[PDB]
Amino acid sequence: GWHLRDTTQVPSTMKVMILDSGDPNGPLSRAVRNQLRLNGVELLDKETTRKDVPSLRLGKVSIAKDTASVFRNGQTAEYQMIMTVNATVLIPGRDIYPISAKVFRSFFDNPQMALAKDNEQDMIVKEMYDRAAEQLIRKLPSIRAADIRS
Amino acid sequence: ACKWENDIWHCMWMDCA
Amino acid sequence: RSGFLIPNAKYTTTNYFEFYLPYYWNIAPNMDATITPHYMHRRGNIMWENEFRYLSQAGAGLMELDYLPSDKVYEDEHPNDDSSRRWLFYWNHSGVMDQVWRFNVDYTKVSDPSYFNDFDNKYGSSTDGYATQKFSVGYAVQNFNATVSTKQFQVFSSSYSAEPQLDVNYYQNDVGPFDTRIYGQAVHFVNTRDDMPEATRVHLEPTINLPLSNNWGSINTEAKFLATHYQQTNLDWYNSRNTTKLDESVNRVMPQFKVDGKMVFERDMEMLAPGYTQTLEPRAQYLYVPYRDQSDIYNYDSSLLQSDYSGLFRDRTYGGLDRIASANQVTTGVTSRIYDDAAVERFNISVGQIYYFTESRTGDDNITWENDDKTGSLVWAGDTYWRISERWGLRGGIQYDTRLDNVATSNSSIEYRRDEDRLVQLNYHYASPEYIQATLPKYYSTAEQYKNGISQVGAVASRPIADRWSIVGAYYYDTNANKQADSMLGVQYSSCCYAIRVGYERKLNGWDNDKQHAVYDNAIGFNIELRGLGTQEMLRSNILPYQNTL
Ligand SMILES: CCCCCCCCCCCCO[C@@H]1O[C@H](CO)[C@@H](O[C@H]2O[C@H](CO)[C@@H](O)[C@H](O)[C@H]2O)[C@H](O)[C@H]1O
Ligand SMILES: CCCCCCCCCCCCO[C@@H]1O[C@H](CO)[C@@H](O[C@H]2O[C@H](CO)[C@@H](O)[C@H](O)[C@H]2O)[C@H](O)[C@H]1O
Ligand SMILES: CCCCCCCCCCCCO[C@@H]1O[C@H](CO)[C@@H](O[C@H]2O[C@H](CO)[C@@H](O)[C@H](O)[C@H]2O)[C@H](O)[C@H]1O
Ligand SMILES: *CC(=O)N1CCN(C(=O)C*)CCN(C(=O)C*)CC1
């Protein structure tokens with residue numbers, strides 16, 4: 001009983017929305033804005049006079065880099081990076097609903113090419129934000145059903 | 001080093017020996 | 001306001017009895033200092049630790065300066081050394097000023113490579129193989145960013161540094177139906193050794209892409225251009241010892257063409273769970289990059305990247321810009337998701353592979369594979385996440401490579417978590433010996449402590465008792481050697497006005513080259529704080545800290 005997705009990834013009530021964050025020029029804001037523009041969402045400034053526009057407020061993100069495994073000498077073998085992002089979708093009449101994204105990545109350590117590993121780490125972080133943005137978009141319908149349930 | 005031939009478009013997309 | 005905190009004691013096998021007498025100094029708002037005498041009995045001296053926390057318009061920062069004037073153990077192990085003093089300087093600053101300026105500092109510098117194996121691991125770890133020293137100043141606006149940074153590394157076990165590196169990004173989204181961007185970089189690579197090559201690299205990368213989308217499908221076409229210029233000096237020593245000669249001036253020009261496509265199908269899970277939705281998402285990507293012989297360029301900052309499921313669709317095989325592998329490949333994957341009646345995603349599983357029409361080459365192909373496979377389906381990846389309930393969750397991933405003729409890597413985890421205090425977690429990590437031999441230096445493949453790979457099983461648990469006691473335990477074990485890697489216990493009693501925690505840890509702390517076995521460190525310490533039950537703090541105290549997996 002498979003069929004093509006007849007609805008949109010972003011709900012029709014969120015096709016025009018306000019993107020707000022404390023770091024509008026940061027990487028997470030850029031990734032979220034690109035993701036929202038991908039599904040044809042019209043982004044507005046927070047000072048606009050148009051009412052009944054839901055607002056997506058991006059919270060502070062946390063990136064942790066821990067040791068997942070070690071070698072026989074106790075040296076780090078694999079590093080695990082965890083990115084946690086919090087956000088709130090405020091529908092003005094109804095309510096504010098929190099959402100979050102957690103992204104896990106891994107990479108092996110190499111002191112002999114440590115600088116190269118640093119570059120790799122940067123690339124991994126540049127991927128992780130994108131994944132987080134996708135997760136945020138995938139939490140958009142669940143908010144909408146929560147708006148319909150109440 | 002080397003210098004590109006006349007057909008820059010085709011030569012840009014070719015592989016190296 | 002400012003005075004003496006409660007002194008705290010410890011017993012380790014590295015320094016025997018250890019005593020801490022902290023003093024807190026509130027210099028002003030946004031300015032705290034902490035002066036800690038730390039008496040170590042085995043080393044027979046006092047290390048002075050100075051912490052400084054500040055908040056300013058440029059951001060938040062923390063400096064640490066630990067100084068031990070002399071060390072008896074270090075003197076005995078290094079009797080020919082001039083001085084036995086040890087020290088550590090750490091500085092972490094992060095800030096965004098006026099929404100445009102970004103200041104970052106992550107600087108660690110120790111006196112000797114054996115510092116973190118002998119002293120407390122507050123801003124460093126004994127698992128670390130090097131110390132990072134990074135400065136970065138950036139200007140970022142909505143369509144532009146320019147960052148200048150310096151990266152240096154102190155290796156504990158020759159290293160290259162970018163002194164300095166400049167990155168520029170420009171974006172323009174509405175050029176007709178196309179999105180356009182340009183990336184530029186200028187880096188100077190310097191080595192600690194005086195006989196290794198030095199480089200200056202300038203890179204330009206203009207990219208254009210046409211995106212198209214429906215409610216069910218999406219397709220993105222991308223054309224990118226890479227132009228790099230290398231000026232290399234100090235090539236005499238390298239060229240006198242290698243048959244392949246480095247070039248003083250190098251120009252690498254190459255285009256890249258990529259096509260990505262995704263589809264989404266939906267169906268109703270009528271038989272299993274009415275109201276539940278199942279989505280099937282096939283994704284394909286064709287990538288072409290012509291082959292350029294890069295053997296005349298030294299590899300400064302390019303390392304092979306891990307290929308998980310998300311990494312299958314990556315357009316780069318190496319990080320950095322010194323090595324750019326030729327590509328003629330198609331990546332195909334499928335992701336299945338299961339959402340409940342409330343549109344909440346409960347399950348996802350992804351499986352994908354990469355098919356190579358031609359061999360991926362960089363001109364310098366020294367990585368040791370287990371077989372001569374060059375084309376076909378060589379890389380497979382899989383991932384899975386299942387939120388079984390509100391308290392149960394399981395994650396897993398696997399990476400298989402036919403060139404290794406083995407599973408490259410794998411990881412799994414199952415966690416129950418009722419709240420912040422009640423949790424259990426089981427995790428497994430695996431990396432094959434073939435992967436270690438392929439992606440790591442040769443002495444890793446020849447050394448006892450490296451060659452066997454990773455086969456690690458970890459168990460973590462935390463339980464409250466009587467709403468005032470918290471017990472935390474962790475055990476990480478190596479199945480290849482059948483030996484313990486890490487073990488931790490911790491019990492805390494929390495009251496209205498104070499809390500007392502006692503912790504014990506046994507960890508791998510080094511390797512003995514003489515008898516060819518691992519060294520273990522045991523540490524038992526008490527701590528009293530003036531007043532949660534502290535479960536999360538105790539869970540993050542060992543060398544393999546706990547991370548929540550839902
Ligand atoms: C919307 C963004 C803008 C997109 C603009 C279009 C940019 C792409 C232009 C067409 C080139 C890409 O297409 C790519 O062409 C090269 C040409 O070398 C083909 O490559 C093939 O070409 C010839 C065949 O005789 C050989 O020299 C080469 O070794 C072989 O690989 C690739 O199989 C194809 O994938
Ligand atoms: C497609 C979506 C789902 C993919 C994700 C699945 C979860 C990830 C796999 C975890 C399973 C446990 O991890 C698994 O451990 C065994 C050994 O312990 C490894 O097996 C490997 O080492 C053993 C050593 O005993 C060898 O006999 C075996 O030939 C070799 O493949 C697997 O390669 C690894 O995957
Ligand atoms: C997830 C919950 C479970 C984890 C929580 C429990 C944590 C405790 C894990 C069990 C391991 C700790 O127990 C560990 O046993 C080893 C056995 O080699 C002993 O280790 C060492 O102790 C002394 C001193 O060197 C020697 O007498 C002994 O031979 C040596 O092995 C210690 O007793 C302790 O280091
Ligand atoms: C001279 C040179 O470095 N290039 C141009 C030569 N050509 C060509 O088709 C005109 C193909 C090979 N090439 C290599 O890098 C080996 C591309 C650069």
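Atoms within a ligand are numbered from 1 in the order they appear, just like the ligands themselves. Convention: sequence-line order gives letters A, B, ...; per-chain numbering from 1. Hydrogens, waters and symmetry mates are skipped; everything else that's a heavy atom, side chains included, is used.
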With the threshold set at 4.0 Å, does a side-chain nitrogen-carboxylate oxygen contact exist between [X] and [Y]?
{"X": "C:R252", "Y": "C:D322", "result": "no"}
{"X": "C:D293", "Y": "C:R361", "result": "no"}
{"X": "A:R138", "Y": "C:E345", "result": "yes"}
{"X": "C:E281", "Y": "C:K262", "result": "no"}
{"X": "A:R37", "Y": "C:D179", "result": "yes"}
{"X": "C:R403", "Y": "C:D373", "result": "no"}

Within ligand 2, which atoms have a heavy atom of [X] less than 4.0 Å away?
{"X": "C:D383", "answer": "2 (C)"}
{"X": "C:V407", "answer": "33 (O)"}
{"X": "C:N406", "answer": "30 (C), 31 (O)"}
{"X": "C:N411", "answer": "8 (C)"}

Item to complete: Please confirm whether C:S410 comes within less than 3.5 Å of ligand 2 when only nitrogen or oxygen atoms on both sides are compared.
Response: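 By distance alone, the answer is yes.
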How far is [atom] from the closest protein heavy atom, and which atom is that?
{"atom": "atom 3 (C) of ligand 1", "value": "C:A223 CB, 3.7 Å"}
{"atom": "atom 1 (C) of ligand 2", "value": "C:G382 CA, 3.6 Å"}
{"atom": "atom 2 (C) of ligand 1", "value": "C:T221 O, 3.7 Å"}
{"atom": "atom 9 (O) of ligand 4", "value": "B:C11 SG, 2.5 Å"}
{"atom": "atom 1 (C) of ligand 4", "value": "B:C2 SG, 1.8 Å"}
{"atom": "atom 4 (C) of ligand 2", "value": "C:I398 CG2, 3.5 Å"}
{"atom": "atom 26 (C) of ligand 2", "value": "C:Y430 OH, 4.9 Å"}
{"atom": "atom 14 (C) of ligand 4", "value": "B:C16 SG, 2.0 Å"}
{"atom": "atom 18 (O) of ligand 2", "value": "C:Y428 OH, 2.9 Å"}

Contacting atoms of ligand 4, where contact means under 4.0 angstrom from a heavy atom of [X]:
{"X": "B:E5", "value": "10 (C)"}
{"X": "C:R292", "value": "15 (O), 17 (C)"}
{"X": "B:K3", "value": "1 (C)"}

Practice prompt. With rounding to the nearest 0.5 Å, note down the distance linking CD in C:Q329 to CG in C:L312.
Written response: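 Going from the CD atom of C:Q329 to the CG atom of C:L312 covers 9.5 Å.
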Are a donor atom and an acceptor atom from the side chains of [X] and [Y] found within less than 3.5 Å of each other?
{"X": "C:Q353", "Y": "C:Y309", "answer": "no"}
{"X": "C:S326", "Y": "C:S360", "answer": "no"}
{"X": "C:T233", "Y": "C:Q231", "answer": "no"}
{"X": "C:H429", "Y": "C:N411", "answer": "no"}
{"X": "C:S303", "Y": "A:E120", "answer": "yes"}

Discussion item. Is it the case that atom CD in C:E390 sees more than 12 heavy atoms from other parts of the structure closer than 6.0 Å?
Written reply: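 It does not: C:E390 CD has 12 such atoms or fewer within range.
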Worksheet item: Which heavy atom of C:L426 sits nearest a heavy atom of C:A459, and at what distance?
Response: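 Closest heavy-atom pair between C:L426 and C:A459: CD2-CB, 3.9 Å.
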Contact bool for [atom] (protein heavy atom, d < 4.0 Å):
{"atom": "atom 20 (O) of ligand 1", "value": "yes"}
{"atom": "atom 11 (C) of ligand 2", "value": "no"}
{"atom": "atom 15 (O) of ligand 1", "value": "no"}
{"atom": "atom 28 (C) of ligand 2", "value": "no"}
{"atom": "atom 7 (C) of ligand 1", "value": "yes"}
{"atom": "atom 23 (C) of ligand 1", "value": "no"}

Under 6.0 Å between ring centres: does that hold for [X] and [Y]?
{"X": "C:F265", "Y": "A:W2", "value": "no"}
{"X": "C:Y171", "Y": "C:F144", "value": "no"}
{"X": "C:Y170", "Y": "C:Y183", "value": "no"}

Nearest non-hydrogen contact with [atom] belongs to which option: [options]?
{"atom": "atom 11 (C) of ligand 4", "options": "B:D7, B:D15, C:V253, B:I8", "result": "B:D15"}
{"atom": "atom 34 (C) of ligand 1", "options": "C:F178, C:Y286, C:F257, C:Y291", "result": "C:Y286"}
{"atom": "atom 18 (C) of ligand 4", "options": "C:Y291, B:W13, B:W4", "result": "B:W4"}
{"atom": "atom 30 (C) of ligand 1", "options": "B:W13, C:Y288, B:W9, C:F225", "result": "C:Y288"}

Discussion item. Counting only heavy atoms closer than 4.0 Å, does ligand 2 sit against the backbone of C:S350, its side chain, both, or neither?
Written reply: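 C:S350 to ligand 2: backbone contact only, side chain stays beyond 4.0 Å.
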Worksheet item: Looking only at heavy atoms, is any part of C:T479 under 4.0 Å from ligand 2, and if so is it the side chain, the backbone, or both, or is it neither?
Response: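 The answer is neither.
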Worksheet entry | Sub-4.0 Å heavy-atom approach of C:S455 to ligand 2 |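 Contact absent.
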Worksheet item: Taking the six-membered ring for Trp, are A:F71 and C:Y444 parallel (under 30°), tilted (30 to 60°) or perpendicular (over 60°)?
Response: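 Perpendicular.
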Worksheet item: Looking at C:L210, which atoms of ligand 1 are within less than 4.0 Å of one of its heavy atoms?
Response: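 Result: 1 (C).
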Worksheet item: Looking at ligand 1, does any of its N/O atoms fall within less than 3.5 Å of an N/O of B:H10?
Response: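 Between B:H10 and ligand 1 (N or O atoms, distance only) the closest approach is not under 3.5 Å.
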Worksheet item: What about C:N209: any of its N or O atoms under 3.5 Å from an N or O on ligand 1?
Response: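 In fact, backbone or side chain, C:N209 has no N or O that close.
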Worksheet entry | NZ or CZ of C:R201 within 45° of C:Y300 ring axis and under 6.0 Å |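 No, cation not above the ring by the 6.0 Å, 45° rule.
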Discussion item. Under 4.0 Å, heavy-atom basis, I'd like to know which part of C:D293 is in contact with ligand 4: side chain, backbone, both or neither.
Written reply: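 Looking at C:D293 and ligand 4, no heavy atom falls under 4.0 Å.
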